[PDB]
Amino acid sequence: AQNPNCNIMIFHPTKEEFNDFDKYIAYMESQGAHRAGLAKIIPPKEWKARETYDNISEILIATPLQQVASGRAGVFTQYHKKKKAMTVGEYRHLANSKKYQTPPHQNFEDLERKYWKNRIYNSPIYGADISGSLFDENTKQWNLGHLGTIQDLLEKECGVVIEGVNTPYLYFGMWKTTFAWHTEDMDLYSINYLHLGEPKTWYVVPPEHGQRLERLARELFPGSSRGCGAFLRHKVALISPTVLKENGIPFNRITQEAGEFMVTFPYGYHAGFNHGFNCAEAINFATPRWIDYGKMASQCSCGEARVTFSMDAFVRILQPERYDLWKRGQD
Ligand SMILES: O=C(O)CNC(=O)C(=O)O
Ligand SMILES: [Mg+2]
Ligand code: NI
Ligand SMILES: [Zn+2]
């Protein structure tokens, strides 16, 4: 069995190997990469996403989100308070202001220590989930707006044609902006490219051990767990590496830098934080190996999770017994 300890693997594809996206995902899996829940892919030196980032300031962040924490430093939830619209140039200036800028630090480990000690005492503002892309149309390799669609994969594997679309999303971050513990919608893969700026630190639980994280979360967030049998789908709960280690939860960590891709694998729980002003692009995708995960994915039906249009068909076809309850939660 490849990668039996479920370590995060880092790949360096050649320019030739960077041509065929699906084939390379399957290669990484042949080496056991998926066992970790997360892999890093460093693009060949010949590749670029676009020519420059000098002209992005006029992008609008219609609904910046202030991420307000409640709890204790290592075990907390966050809620998202909506703020007035601002441009990426305005948001960049805000991120670099004295109130929001990254503190002085020695190295990534020192900054991680400071994040977990102090996160809850601040409310950073995140430009998340903005439909759009920063890949040049002429970038042919690993262009996240030109991937095969999940609807097409489902149709190829199972024969059923479905409605829906699959487009990328931009994320503008600042110091302490946080992504809560989650798997993807329908336990899909995700791919995330860090276009520019400061790093992103990731934590991940191997898919084979995801239920250990779920059981801890039910213990640590007992009101939330009574409210909803899949409350991690709400994407609000944080648990620190120290708390995970105290509770024996298997996990790994890695820091992504600008110019690097990360892939999350089906049912790989992940969480993390941004080091300073940055911009990432991410999208969900599927492979044949996903279908069994999609059929077994938990679902939130309490009303909180609310998701895209395109998840309807995935539930309807892969999980017909659950469909009527889930759709009520959507309505
Ligand atoms: O970068 C972020 O805030 C969160 N991204 C992801 O959870 C992802 O790419 O799957
Ligand atoms: Mg612009
Ligand atoms: Ni994710
Ligand atoms: Zn719920």
Side-chain angles (χ1 to χ4, degrees), residues 37-38 61 63-71 74-81 83 115-116 119-120 123-131 168-174 176-192 200-205 207 210-211 213-214 216-241 243-244 249 251 262 264-274 280-284 293-294 297-305 307-311 314-315 326 329-330:
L38 184 67
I61 307 170
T63 314
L65 302 176
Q66 179 167 55
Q67 304 186 292
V68 180
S70 297
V75 181
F76 63 91
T77 59
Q78 60 185 14
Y79 85 91
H80 293 168
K81 182 171 174 174
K83 308 295 284 188
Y115 175 85
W116 292 105
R119 159 71 183 95
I120 64 169
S123 301
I125 292 170
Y126 206 176
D129 291 313
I130 294 160
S131 293
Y169 297 92
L170 301 179
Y171 300 80
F172 293 95
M174 68 168 63
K176 285 169 174 173
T177 50
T178 301
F179 52 111
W181 282 105
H182 70 285
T183 63
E184 305 301 308
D185 289 344
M186 219 69 186
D187 297 345
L188 282 159
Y189 292 74
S190 67
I191 180 164
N192 182 300
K200 185 187 298 286
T201 292
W202 301 68
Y203 306 89
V204 59
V205 174
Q211 293 85 358
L213 183 68
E214 296 171 349
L216 178 61
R218 288 189 302 271
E219 295 162 358
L220 297 178
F221 303 98
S224 294
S225 175
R226 287 185 288 273
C228 179
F231 78 96
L232 297 174
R233 293 286 169 207
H234 305 167
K235 309 192 301 182
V236 304
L238 278 303
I239 304 165
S240 73
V243 175
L244 296 178
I249 308 305
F251 77 94
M262 303 301 297
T264 84
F265 295 87
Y267 197 59
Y269 273 102
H270 53 284
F273 62 89
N274 294 309
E281 180 171 344
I283 198 177
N284 295 118
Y293 289 88
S298 66
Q299 302 298 357
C300 167
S301 308
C302 75
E304 281 303 305
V307 302
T308 183
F309 181 106
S310 310
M311 228 187 93
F314 304 156
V315 182
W326 172 81
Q330 241 46 1

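All residue numbers in this chain count up from 1 along the given sequence. Below, all heavy atoms of this structure are taken into account, side chains as well, without hydrogens, waters or symmetry copies.
Between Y203 and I239, the closest side-chain pair of non-hydrogen atoms is not below 4.5 Å. Counting only heavy atoms from C-beta outward, the side chains of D129 and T63 never approach each other to under 4.5 Å. Looking only at side-chain heavy atoms (C-beta outward), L65 and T177 stay at 4.5 Å or farther from each other. For the pair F314 and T308, the minimum side-chain heavy-atom distance is 4.5 Å or more. By the 4.5 Å heavy-atom criterion applied to side chains, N192 and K200 are counted as neighbours. Looking at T183 and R233, their side chains come closer than 4.5 Å, going by heavy atoms from C-beta outward. No side-chain heavy atom of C228 sits under 4.5 Å from any side-chain heavy atom of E304. When side chains are defined from C-beta on, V243 counts as touching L220, because their heavy atoms get closer than 4.5 Å.
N284 meets the side-chain hydrogen bond (donor to acceptor under 3.5 Å, both in side chains) test with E184; sequence neighbours excluded. Take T264 and apply the side-chain hydrogen bond (donor to acceptor under 3.5 Å, both in side chains) test, not counting sequence neighbours, and it matches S190. For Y269, the ring-ring contact (aromatic ring centres under 6.0 Å, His included) partners at least two apart in sequence or on another chain are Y267. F273 is linked by a ring-ring contact (aromatic ring centres under 6.0 Å, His included) to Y115, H275, counting only residues two or more places apart in sequence or in another chain. With sequence neighbours excluded, the residues satisfying side chain to side chain contact (heavy atoms under 4.5 Å, CB included) with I283 are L144, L147, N166, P168, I191. Contacts of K176 classified as side-chain hydrogen bond (donor to acceptor under 3.5 Å, both in side chains), with partners at least two apart in sequence or in another chain: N122. With sequence neighbours excluded, the residues satisfying side chain to side chain contact (heavy atoms under 4.5 Å, CB included) with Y169 are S131, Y171. A search for ring-ring contact (aromatic ring centres under 6.0 Å, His included) contacts involving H270 returns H182, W202, not counting sequence neighbours. Qualifying side-chain hydrogen bond (donor to acceptor under 3.5 Å, both in side chains) partners for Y293, counting only residues two or more places apart in sequence or in other chains: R289. Not counting sequence neighbours, the partners of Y189 by the ring-ring contact (aromatic ring centres under 6.0 Å, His included) test are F265, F285. When the side chain to side chain contact (heavy atoms under 4.5 Å, CB included) test is applied to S224, the partners found at least two apart in sequence or on another chain are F221, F231. Residues passing the side chain to side chain contact (heavy atoms under 4.5 Å, CB included) test with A271, sequence neighbours excluded: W181, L238.
Using a 3.5 Å distance cut-off with no hydrogens or angles, the side chains of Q66 and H80 do not pair a donor with an acceptor.
Nearest heavy atom pair, residue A237 against residue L232, reads CB-CD2, 4.0 Å. Closest non-hydrogen pair, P64 versus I125, comes out as CB-CG2, 3.7 Å. Nearest approach of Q299 to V315, heavy atoms of both residues: NE2-CG2, 4.1 Å. Nearest approach of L170 to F172, heavy atoms of both residues: CB-CE1, 4.1 Å. Residues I120 and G71 approach most closely at CD1-O, 4.2 Å, considering heavy atoms.
How far CD of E214 is from OG of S298: 6.0 Å, rounded to the nearest 0.5 Å. Atoms NE2 and OG1, from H234 and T77 in turn, are 12.0 Å apart once rounded to the nearest 0.5 Å. From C302, atom SG reaches atom CZ of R226 across 14.0 Å, with rounding to the nearest 0.5 Å. To the nearest 0.5 angstrom, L38 atom CG is 3.5 Å from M262 atom CE.
Note: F76 and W116 have tilted aromatic rings, judged against thresholds of 30 and 60 degrees for the angle between ring planes.
A side-chain donor-acceptor contact under 3.5 Å links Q78 to the backbone of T178.
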**Message:** One pair to check against side-chain contact (heavy atoms from CB on, under 4.5 Å): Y126 and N274. What are the steps and the verdict?
**Reply:** CA-CA 10 Å; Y126 206 176; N274 294 309; 3.1 Å; yes

